Structures are given as structure tokens and as C-alpha cells.
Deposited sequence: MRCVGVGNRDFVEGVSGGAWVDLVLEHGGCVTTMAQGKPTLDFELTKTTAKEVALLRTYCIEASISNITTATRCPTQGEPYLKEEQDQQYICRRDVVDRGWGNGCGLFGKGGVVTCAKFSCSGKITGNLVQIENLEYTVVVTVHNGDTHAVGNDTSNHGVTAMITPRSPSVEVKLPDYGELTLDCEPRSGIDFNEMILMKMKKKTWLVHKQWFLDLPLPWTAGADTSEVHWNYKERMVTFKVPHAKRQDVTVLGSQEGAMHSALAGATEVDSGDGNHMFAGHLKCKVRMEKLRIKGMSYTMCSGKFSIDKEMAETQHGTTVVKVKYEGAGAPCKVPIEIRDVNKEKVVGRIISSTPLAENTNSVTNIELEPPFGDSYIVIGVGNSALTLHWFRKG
């Protein structure tokens, strides 16, 4: 009873069952002589991630050094020009008596500034082999199961209901050979490998920043001299470029993805707990009023106030004239465990007027139901 109330819900009926498990959604299975089960893919977690490239999205300039020279004297030199951590640019300015030079004409200048990153983004490789799928299987009245590419088939034991084999194929997630896991401050995305490698920002693999000029302000030749300044923050520019991209959830270690795990369930060793009991003779009462779900089905809680329990709960969906059985019961053979025991039942009444009968004889509870 975990699938009821979930918006994305698929019903699967087979007569060996084929089912597709996705994030945010869950599958309800039905089969003759087999129990009604709920299946859900809880999480797709990636254990380890290998660092590939680190881009700089925010930078600052420090240790500003300038060297000036008079005309005819040659070009000025700074030791910082040979330093890979600094950005150096040359300009040529009007010199003369007013600027402290004995000679008039164009005098050469050089400015250097230490480049420091304050905001970075990482590109990590996600290995499909290390993926772990958490599947929760619940019976109508949950047991957790793990699917790994190394151990895809798993045996799931259910108390009093038997055992099932869950053979799944971890083929989900777009080819991680062409996909990159991009991290930015607190958010994570799954982007294309080529798109990530083509980003026009300074980058490193190991601090030495390759292509720092991608973060440095553009210089126009026919304009007044300016200081060696850097571009603001590419944080917002990045968020604009990630509009189409799929956002990945990241917590306290590991990354959670949106899987699409294809499974084959073996319902051979499964048995219906309830078939071994006789019909309830006593009176029933409504514990929780019957309510319609988002799947055209109804749910009701019944309290068995009679004796002779454990016993089968008698339920039938009759027509407007209360004669023939017209509806269908989703819950596989519901039982009343003991006296004053509460039972949840999923029903599928037809469109329009119908009568849900719970119990036997005069003591039987008759509930009118309309379906729009």
C-alpha cells in the first residue's frame, strides 16, 4: 500500500512479469493466484567520482606591479612576466617633460597582476559500474533490495507471502562515456562531455591555470590605457547555459540520479496469505471512509469486530440493482488477522452507480459509490 497516493503509478497484469521502474513513479503488479505487490525505485546512487577538470568562474587581481620607460630607452621589464601566476599586458603612452621624461614621444609601459580564483567548477566522471539501485517491494496489507551491475539478480524474501527473484538490467542513464557530472557550489548537473571541454574559461587538471586570458578584460587598441582587470562572475552565465541540462541531487556523499531500471520478476515461489483461511462470519465496520485515488481506484480501511479470525474479508462490487458482480478488487484476497483488526482494500468500481458489500448476510455493510 505504498503506491496508492503516488501520482505517477502504472498497473501491470501478466499471465515472469515485465516491468519498468522509474524515479518519482511506482508499479503495482497483479496476477491470478499471486499477491498484489507495489514496486518502487527509491534511489540510483553513484559511490565514487573521478575529478577530470576544474574551471575558474570567479577571479581577482592582487600584487599589481608597473614598470615605465622613457622614449628611445627601450621596453621596460618585470620578473613577474616570467611568472605563470601573473597576467602581463604592454601599452605605449605619450611621454614628455610633464611626465618626467627628458625626451618626448611614445614611452613603453608594462603592468602585471597575480591571478587568483575565488569560484571554481568541477567536472567529474561517473563510472556506470559503481551504480547502486535501491528497489522497495511492498505487499498490500516494505522489503529493500539492491541492484548492482555486478549482482543484478536478487532474491527477495517476504514473510508469509513467499519469495521472488528480481532480475534487472542496469542500462539506464545516457552513455556516461559521453556524459560529465558538473558541480557548481551546491548544485550538480549531468552535461555532455564535449560541451564541458569546450567551455571558454581558465582550467586545471591538478595551482597553474591554463588560458587565464579567458577571464581577463578585452583590450581595444584605439582607446585610453586601463589597469589589468578581470571579468566579474560567470556563475549566472553558467546557470543560463544549463537551462536544458538535467539537474542531479547531491547530499552528504554520493550522487542521486533519475533512473529507468528495466526488471523481470519471478512470481513462481509467491503465495497469497489469506487463501489458507475461511470466510469471515462476523460484522465489519468502516475504520476509514472510502476515498477515490488519482488512478480511478478506491481505498477503504475495515475493522473486523466479529470472531473466528484469521479469516478472509468478503468484498464484492455489485451493480445499481445490487444483483451481479460488476467491479474488480485490486487487493489480493484481503484477510482479518485477529479481532478488532484493520484491513486496507484497493477496489476498482465501474463508472457511475455501484454498491460495495463488505460482510455476509444481514450484518453485511453496503456502501453506495459514484464514479465520475
* Structure fact -> Counting from 1 along the deposited sequence, the ranges with no C-alpha atoms are 16 to 19, 146 to 158, 224 to 228, 395
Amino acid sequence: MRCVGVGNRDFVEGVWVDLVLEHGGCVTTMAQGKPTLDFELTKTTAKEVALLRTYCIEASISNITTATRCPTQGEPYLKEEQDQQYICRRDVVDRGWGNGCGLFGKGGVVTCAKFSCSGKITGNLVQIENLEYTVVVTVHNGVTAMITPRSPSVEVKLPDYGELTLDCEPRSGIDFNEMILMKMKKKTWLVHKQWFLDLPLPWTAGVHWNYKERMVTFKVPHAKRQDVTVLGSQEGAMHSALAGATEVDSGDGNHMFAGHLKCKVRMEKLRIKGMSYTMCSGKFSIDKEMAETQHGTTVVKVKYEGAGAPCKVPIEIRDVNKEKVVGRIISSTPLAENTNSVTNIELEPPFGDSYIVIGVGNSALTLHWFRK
From here on, numbers count along this sequence of modelled residues.
* Which has the higher mean CA temperature factor in the PDB entry, 298 to 306 or 243 to 251? -> 243 to 251
* Asked: On average, are the C-alpha B-factors higher in 168 to 176 or in 182 to 190?
  -> 168 to 176
* **Which of 67, 315, 326, 311 ranks first by CA B-factor in the deposited coordinates** => 326
* Pick out which of 94, 213, 268, 235 has the highest C-alpha B-factor in the PDB entry. => 268
* Within this chain's modelled residues, let me know which third the CA B factor of residue 320 belongs to: lowest, middle or highest. => highest
* **Third assignment of residue 108 from its chain's C-alpha B-factors** => lowest
* To do: Consider only the C-alpha atoms of the modelled residues in this chain, order them by B-factor as the entry records it, and name the third containing residue 141: lowest, middle or highest.
  => highest
* Pull the Cα B-factor of residue 122 out of the PDB entry and bin it into the chain's lowest, middle or highest third. => lowest
* To do: Would you check the entry's CA temperature factor for residue 73 and let me know if it's in the chain's lowest, middle or highest third?
  => middle
